[PDB]
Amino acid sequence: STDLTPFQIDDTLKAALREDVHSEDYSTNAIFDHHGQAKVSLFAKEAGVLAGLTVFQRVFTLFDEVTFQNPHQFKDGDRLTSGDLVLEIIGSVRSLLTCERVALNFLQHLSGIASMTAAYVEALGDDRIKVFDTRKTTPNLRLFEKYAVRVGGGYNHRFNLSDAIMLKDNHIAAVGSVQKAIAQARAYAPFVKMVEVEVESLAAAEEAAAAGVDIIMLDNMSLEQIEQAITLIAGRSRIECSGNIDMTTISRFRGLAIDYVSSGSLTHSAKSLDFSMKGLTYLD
């Protein structure tokens, strides 16, 4: 597994800090003194999966010289309970307090996603079927969100419109055929791109499998349909189910001979995971 790198994230965290301070942090600067070391504790207030700890840390490190301490040796991925002491943060009060909210907003958002993902995986209860994310991401945080999904046991779809070809309802509409669209796609980007078709009917699934595409997406199809689609396609393409996949629904795929399912809810509708920073103490 791969953590996130400062090279990847620095510009985004900078922007977020600027979002949160346009002149200065009056509330904190009024009370504190420029000098003097302090310690604050990061506590998990809710159960789930840890994600974004590096990102959390990095918020502080761009701002100021700040040290950490990890007594329980927590890592992105670890399961969490409320009251767990995830991390200790050491530095000047001004740094600890000004940076707090941004850091937490990243941590809370990411951990939320990883937790929702891990819970989907569990509710599915079938290793042979993978859980994938989408491009239904929060604007300008896709990178961070894809990472969280991985941390929760999920997997990454195409990142971008540049990564791979996905012929959607609208693409097929504009050509007028499933097969003409695939042909055109193959003509345009001959060998280096995966080609996927999004499909609503069994008609369209047949056309696609026949034209020899790499991946077929079954959009919002009934279980009866999917069962038939599987047999139709008969291993000619990989199979993805998508649309309207949630914690309750997801178990319906258990045991099917599809390759993966994908969910937008993991990225566009994730509940965040509560943490807090309490127990400010001076070193002394």
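Start at 1 with the first residue shown and count on from there.
- Note on 64 to 72 vs 29 to 37: mean CA B-factor is higher in 29 to 37.
- Ranked by C-alpha B-factor against the other modelled residues of its chain, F253 falls in the middle third.
- Ranked within its chain, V21 lands in the middle third, by CA B factor from the PDB record.
- In the PDB entry, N105 places in the middle third of its chain by CA B-factor.
- Among all modelled residues in this chain, the alpha-carbon of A270 has a temperature factor (C-alpha) in the middle third.
- The entry lists a Cα temperature factor for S115 that places it in the middle third of the chain's modelled residues.
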